[PDB]
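*Asks:* Here it is: the structure, laid out below.
There are 2 protein chains.
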Amino acid sequence: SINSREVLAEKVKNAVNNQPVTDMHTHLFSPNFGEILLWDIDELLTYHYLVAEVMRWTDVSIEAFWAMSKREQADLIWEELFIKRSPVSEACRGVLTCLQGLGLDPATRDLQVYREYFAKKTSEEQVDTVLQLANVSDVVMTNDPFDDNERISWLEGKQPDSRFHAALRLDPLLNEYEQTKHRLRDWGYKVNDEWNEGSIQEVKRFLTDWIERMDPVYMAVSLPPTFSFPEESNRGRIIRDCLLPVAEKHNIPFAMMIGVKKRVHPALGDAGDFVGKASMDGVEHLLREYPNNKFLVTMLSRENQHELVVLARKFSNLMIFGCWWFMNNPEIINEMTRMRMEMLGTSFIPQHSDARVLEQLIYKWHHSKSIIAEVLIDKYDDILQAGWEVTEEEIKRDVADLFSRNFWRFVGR
Amino acid sequence: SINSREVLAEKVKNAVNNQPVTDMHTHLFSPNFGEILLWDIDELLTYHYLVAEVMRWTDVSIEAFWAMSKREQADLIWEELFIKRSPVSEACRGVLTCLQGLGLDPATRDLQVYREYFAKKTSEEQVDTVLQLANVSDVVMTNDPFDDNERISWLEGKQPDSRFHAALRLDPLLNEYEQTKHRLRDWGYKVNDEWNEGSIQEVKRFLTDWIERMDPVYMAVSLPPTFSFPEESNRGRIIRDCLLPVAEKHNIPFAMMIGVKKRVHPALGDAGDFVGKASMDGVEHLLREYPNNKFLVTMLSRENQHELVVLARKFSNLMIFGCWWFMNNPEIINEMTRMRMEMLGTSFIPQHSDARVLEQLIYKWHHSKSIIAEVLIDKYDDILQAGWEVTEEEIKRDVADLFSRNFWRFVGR
Ligand SMILES: O=C[C@H](O)[C@@H](O)[C@H](O)[C@H](O)C(=O)O
Ligand SMILES: O=C[C@H](O)[C@@H](O)[C@H](O)[C@H](O)C(=O)O
Ligand SMILES: [Zn+2]
Ligand SMILES: [Zn+2]
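Those sequence lines, one after another, are chains A and B. For the first sequence, the working numbering assigns the number 9 to the initial residue and increments by one for each residue that follows. For the second sequence, the working numbering assigns the number 9 to the initial residue and increments by one for each residue that follows.
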């Protein structure tokens, strides 16, 4: 039986380590979609998190950086962030965890040798390897139909294998309708100059056509710190007249990733986004006024985290998830996961990888699981010491909810 | 390939229940038009059908009734027609069907709890709820340009959403021209004292102006039992020289609801109209003499129903529809629907709801569909007995024709 923190620690760590993970938000693609799925050490080293970091150290111009080849970029970052300075940051640590996880030894710092490993392997094989090592059963993608490369694949019949699931990303439609409406009409969606019945129906038709083609687990959008709802704006009316009705009809949840301030430093590309605290008014209104709609929410500002948890206490149709981006750091992952558990028990989704490069699934889940395991150990021990019987079976059940079941139960699949 | 009677009944009922309905005559309005759209339990209980019925029981004078507030009128009707006597009449049965459909429970007879349901929703939300429950996809309104409230609404650009369609009601123009002509000139339509070229072209202009503003699926008028045509009167002349030619040009059907005798009991208001049998001469003449015009007809007298069916056998430019008002009772709906199918096959429109209160769509259609399903089952079964085997697809086709396709195909939309 489990009758001590010591015994508990072992059981929790084992259960957490063995629980197959459903990664509900990533930037990975089923291997059959082609090169859009990024992988290998050079891709790991050029993750935009490391681009931002290297630029704080290197005298190499950002324009010169983008001009270099992928290998040149990787060599520079490795040299600047691993050799000239110890790789102690979270993103650098992550690269190391991946290498070790694949059987490569960071002790040698032999980059040329690490590279050879990847060269003698295919995309399909590396996917098998990584999913096995990271113990990830299901990966949810981010599918942007407004991206020409991504859109052509779906239109031409490309479909993910069983391990990969689609999520209809809609940032251009909701946040740039003034420019995006012209593309809809180019694709046959007769949206008019004014927001009338015709415009509302065509936008709904656009969403329905893409839902049928992708069979998404949810529709998503990243939003700025200034997000508000209700709102007399293109976004406010599209959400009110089109997105919500369609989502309820198909019982598809609406995922909102709030707090991103896009391109405060354009020259840095994907690495040029900032953060800002948002008002909870919009989320609060959406949850209260649309009780038949489901909402998946994650916020970027550290200062929004505690109140988001309290908001989940208020509305069952709100399912909070992950420690997103700038929140995806040990210090923050820990505080967020503890506040969440203390006020929500196990009724939340503690994490997602947001993996942009295949191998990251290894470090993202290993770094997170160790922290989540420690929180669970503290929480289980507190009730154990209080006289409660905790069985290994109940631990596996709870761990399964946190890393997989809660999501699937919420999406309705 | 259906050969057993049980499967046949099963497929017919499923097809009827699943078939999205086009309700081609109601007194409902798109929710954006305002409070003109009536809804909720108090509105249901004060429907004029129940006003007439409660007066046969209550000692409360009609004057006092009208003096009462809406909620007080509802309480009296509830007490008098539901508590003091079993609510077995069709209208009272309808209110119950509505409450049950909404998820409310008639068993408790808790009127206050029922009211609480409506109080927590908006008109927009309730229309969404009711259109779904009643599986009604299209509602045809009754739009009267002679009503100040309605007119100004159409003048200020108000447009119904895609679920609602307009029908240009002309009772004041055709039945009260003498008093109405002064309003036509007040609006810039210079009709002359006598019926000449100018008076004819200005009346046409009025019609055309409103057809362009409403884009009605048809033009309508309710007529008395004494209706005649040809006829040297304002109605006879306006119809001959204006209505018909204008209707033919725009290929717009002319709907005539014949048989009502207005205000035989003035104090009852909307619940004070009576019925009388009409001559078929006028309708016979119109169909034969104006073959390029389309006519939608429904009559109020039980005694007019059989010959109307026969008239439809004579003229393809006649499309009979629904079981109107005093005909909208199970006993009459059943005999009417059977006489119609027996002499016209599927070439007619069996029903319309005539809803004045939103929630009525639930009971109007539920009560009618069960009866129409019964008739279909019997007729399909009769040919099955002869050796004919229908396919489930042919059934869905026939059902679609009756509840929606016959109307749109007839109006040409
Ligand atoms: O976590 C960081 C991501 O890789 C971002 O670059 C991304 O834009 C963000 O997660 C999003 O999906 O909107
Ligand atoms: O069913 C009865 C209606 O509510 C009547 O009051 C209405 O005047 C009639 O249907 C009409 O449109 O002439
Ligand atoms: Zn992301
Ligand atoms: Zn009517």
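Each residue gets a CB set at the ideal place from its N, CA and C atoms; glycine is no exception.
Can you give me the Cβ contacts of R348 of chain A inside the same chain, cut-off strictly under 6 angstroms, excluding the 5 residues immediately before and after it?
*Replies:* Position 340 of the first sequence, counting from 1, holds the residue named residue 348 of chain A. Annotation for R348 of chain A: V317 and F356 place their beta carbon closer than 6 angstroms to its own, counting only its chain and skipping 5 residues before and after.
*Asks:* Taking its Cβ as the centre, do 16 or more other Cβ atoms sit within 10 Å of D156 of chain A, making it buried, or is it exposed?
*Replies:* Your numbering for residue 156 of chain A matches position 148 in the first sequence. With fewer than 16 Cβ atoms within 10 Å of its Cβ, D156 of chain A is classed as exposed.
*Asks:* Does any CB atom of chain B fall closer than 8 angstroms to the CB of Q313 of chain A?
*Replies:* Reading the first sequence from its first residue, position 305 is the one you call residue 313 of chain A. Closer than 8 angstroms: no.
*Asks:* Should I391 of chain B be labelled buried (16 or more other beta-carbon atoms within 10 Å of its own) or exposed?
*Replies:* Locating residue 391 of chain B in the second sequence gives position 383, where the first residue counts as 1. When all chains shown are included, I391 of chain B counts as exposed.
*Asks:* At which residues does the alpha helix (DSSP H) containing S161 of chain B begin and terminate?
*Replies:* Start at 1 with the first residue of the second sequence, and residue 161 of chain B comes out as number 153. Note, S161 of chain B: alpha helix (DSSP H), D156 to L163.
*Asks:* How would you call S69 of chain A, buried or exposed, if buried means at least 16 neighbouring beta carbons within 10 angstroms?
*Replies:* Position 61 of the first sequence holds residue 69 of chain A. Flag for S69 of chain A reads exposed.
*Asks:* Which value, in whole angstroms, describes the spacing of the CA atoms of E184 of chain A and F329 of chain A?
*Replies:* Numbered from 1 along the first sequence, position 176 holds the residue referred to as residue 184 of chain A. Numbered from 1 along the first sequence, position 321 holds the residue referred to as residue 329 of chain A. C-alpha separation (whole angstroms): 26 angstroms.
*Asks:* Given a cut-off of 8 angstroms, decide if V305 of chain B and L326 of chain B are closer than it, judged by their beta-carbon atoms.
*Replies:* Residue 326 of chain B sits at position 318 when you count from the first residue of the second sequence. Residue 305 of chain B sits at position 297 when you count from the first residue of the second sequence. In contact: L326 of chain B and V305 of chain B (Cβ atoms closer than 8 angstroms).
*Asks:* Closer than 7 angstroms to a non-hydrogen atom of ligand 1 - does that hold for the CB of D362 of chain A?
*Replies:* Position 354 of the first sequence, counting from 1, holds the residue named residue 362 of chain A. At least one heavy atom of ligand 1 is nearer than 7 angstroms to the Cβ of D362 of chain A, so yes.
*Asks:* So, is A320 of chain B buried or exposed, given that buried needs 16 or more other C-beta atoms within 10 angstroms?
*Replies:* Residue numbering aside, residue 320 of chain B sits at position 312 when the second sequence is read from its first letter. Around the Cβ of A320 of chain B, a 10 Å sphere holds 16 or more other Cβ atoms; the residue is buried.
*Asks:* At a threshold of 7 angstroms, does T150 of chain B count as lining ligand 4 (C-beta to nearest heavy atom)?
*Replies:* Here residue 150 of chain B refers to the residue found at position 142 when the second sequence is read from its first residue. Checking the Cβ of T150 of chain B against ligand 4 gives yes.
*Asks:* State whether the region 234–252 of chain B contacts the region 170–185 of chain B, with contact taken as three or more CB pairs (one from each stretch) at a distance under 8 angstroms.
*Replies:* yes
*Asks:* Within 7 angstroms: the Cβ of residue 422 of chain A and any heavy atom of ligand 4?
*Replies:* Here chain A covers residues 9 to 421 and nothing more, so residue 422 of chain A does not appear.
*Asks:* Rounded to a whole number of angstroms, what is the C-alpha to C-alpha distance between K19 of chain B and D386 of chain A?
*Replies:* Position 11 of the second sequence holds residue 19 of chain B. Position 378 of the first sequence holds residue 386 of chain A. Rounded to whole angstroms, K19 of chain B to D386 of chain A spans 59 angstroms at the Cα level.
*Asks:* Please list, in chain order, the chain A residues whose beta carbon lies closer than 8 angstroms to that of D146 of chain B.
*Replies:* For the purposes of this step, residue 146 of chain B is identified with residue 138 of the second sequence, where counting begins at 1. Correct list: empty, because the minimum Cβ distance to chain A is about 13 angstroms.
*Asks:* Closer than 8 angstroms, Cβ to Cβ, to anything on chain A: give me those residues from the region 166–196 of chain B, in chain order.
*Replies:* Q167, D169 and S170
*Asks:* Going by Cα to Cα distance, which pick from B:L89, B:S38, B:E239 and B:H293 is closest to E205 of chain A?
*Replies:* Along the first sequence, read from residue 1 onward, the residue named residue 205 of chain A stands at position 197. Selected option, being the one with the closest Cα: B:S38.
*Asks:* Hey, out of B:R346, B:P153 and B:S361, whose CA is closest to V144 of chain B's CA?
*Replies:* Mapped onto the second sequence, residue 144 of chain B falls at position 136. Cα-wise, what sits closest to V144 of chain B is B:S361.
*Asks:* Considering just the uninterrupted stretch of the beta strand (DSSP E) at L304 of chain A, what are its terminal residues?
*Replies:* By one-based count along the first sequence, residue 304 of chain A stands at place 296. Segment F303 to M307, the beta strand (DSSP E) holding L304 of chain A.
*Asks:* With a cut-off of 8 angstroms, do at least 3 Cβ pairs link the region 126–138 of chain A to the region 395–410 of chain A?
*Replies:* no
*Asks:* Taking the continuous alpha helix (DSSP H) assigned at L252 of chain A, which residues delimit it?
*Replies:* Walking along the first sequence from the start, residue 252 of chain A turns up at place 244. First-last of the alpha helix (DSSP H) with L252 of chain A: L252 to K257.
*Asks:* Listing by chain order, which chain C residues have their CB less than 8 angstroms from the CB of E205 of chain A?
*Replies:* In the structure shown, chain C cannot be found, because the protein chains are A and B.
*Asks:* Quick check: does the Cβ of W333 of chain B come within less than 7 angstroms of any heavy atom belonging to ligand 2?
*Replies:* Taking the second sequence and counting its residues from 1, one reaches residue 333 of chain B at position 325. Within the cutoff, so yes.
*Asks:* Verify the contact flag: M344 of chain B, CB atom, against every heavy atom of ligand 2, threshold strictly below 7 angstroms.
*Replies:* As a working mapping, residue 344 of chain B is identified with position 336 in the second sequence. No, the beta carbon of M344 of chain B sits no closer than 7 angstroms to any heavy atom of ligand 2.
*Asks:* For residue 448 of chain A versus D50 of chain A, is the C-beta spacing smaller than 8 angstroms?
*Replies:* Coverage of chain A is limited to positions 9 through 421, which leaves residue 448 of chain A absent and any answer about it impossible.
*Asks:* Classify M265 of chain B as helix, strand or coil using the three-state DSSP reduction.
*Replies:* Locating residue 265 of chain B in the second sequence gives position 257, where the first residue counts as 1. Looking at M265 of chain B - three-state DSSP - the assignment turns out to be strand.
*Asks:* For the candidate residues A:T188, A:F334, A:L295 and A:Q108, whose alpha-carbon lies nearest to that of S324 of chain A?
*Replies:* Taking the first sequence and counting its residues from 1, the one referred to as residue 324 of chain A is at position 316. Of the candidates A:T188, A:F334, A:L295 and A:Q108, the one whose C-alpha sits nearest the C-alpha of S324 of chain A is A:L295.
*Asks:* Expressed to the nearest angstrom, what Euclidean distance is found between the alpha-carbon atoms of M344 of chain B and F235 of chain A?
*Replies:* Locating residue 344 of chain B in the second sequence gives position 336, counting from the first residue. Locating residue 235 of chain A in the first sequence gives position 227, counting from the first residue. Straight-line Cα distance between these residues: approximately 58 angstroms.
*Asks:* Among A:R177, A:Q140 and A:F73, whose alpha-carbon lies nearest the alpha-carbon of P28 of chain A?
*Replies:* Along the first sequence, one-based indexing puts residue 28 of chain A at 20. Taking only the C-alpha atoms, the option nearest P28 of chain A is A:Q140.
*Asks:* If we ignore side chains and look at the alpha-carbon of each, how far apart do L308 of chain A and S287 of chain A end up?
*Replies:* Residue mapping note: residue 308 of chain A aligns to position 300 of the first sequence, counting from 1. Residue mapping note: residue 287 of chain A aligns to position 279 of the first sequence, counting from 1. Distance between the alpha carbons of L308 of chain A and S287 of chain A: 12 angstroms.
*Asks:* With distance defined between alpha-carbon atoms, name the residue in B:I341, B:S412, B:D409 and B:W373 nearest to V383 of chain B.
*Replies:* On the second sequence, position 375 is the one that residue 383 of chain B refers to. The candidate whose alpha carbon is nearest that of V383 of chain B is B:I341.
*Asks:* Determine the direct distance from the alpha carbon of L16 of chain B to that of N300 of chain A, and round the result to whole angstroms.
*Replies:* Taking the first sequence and counting its residues from 1, the one referred to as residue 300 of chain A is at position 292. Taking the second sequence and counting its residues from 1, the one referred to as residue 16 of chain B is at position 8. Whole-angstrom Cα-Cα distance: 36 angstroms.
*Asks:* With the cut-off set at 8 angstroms, would you say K285 of chain B and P233 of chain B are in Cβ contact?
*Replies:* Here the question's residue 285 of chain B lines up with position 277 in the second sequence. Here the question's residue 233 of chain B lines up with position 225 in the second sequence. Taking 8 angstroms as the Cβ cut-off, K285 of chain B and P233 of chain B qualify as a contacting pair.
*Asks:* In this structure, does DSSP put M349 of chain A in helix, strand or coil?
*Replies:* Counting from 1 along the first sequence, the entry for residue 349 of chain A is found at position 341. Under the three-state reduction of DSSP, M349 of chain A is assigned to helix.
*Asks:* For a cutoff of 8 angstroms on Cβ pairs, would you count residue 422 of chain A as touching chain B?
*Replies:* Because chain A here runs from 9 to 421, residue 422 of chain A falls outside it and cannot be looked at.
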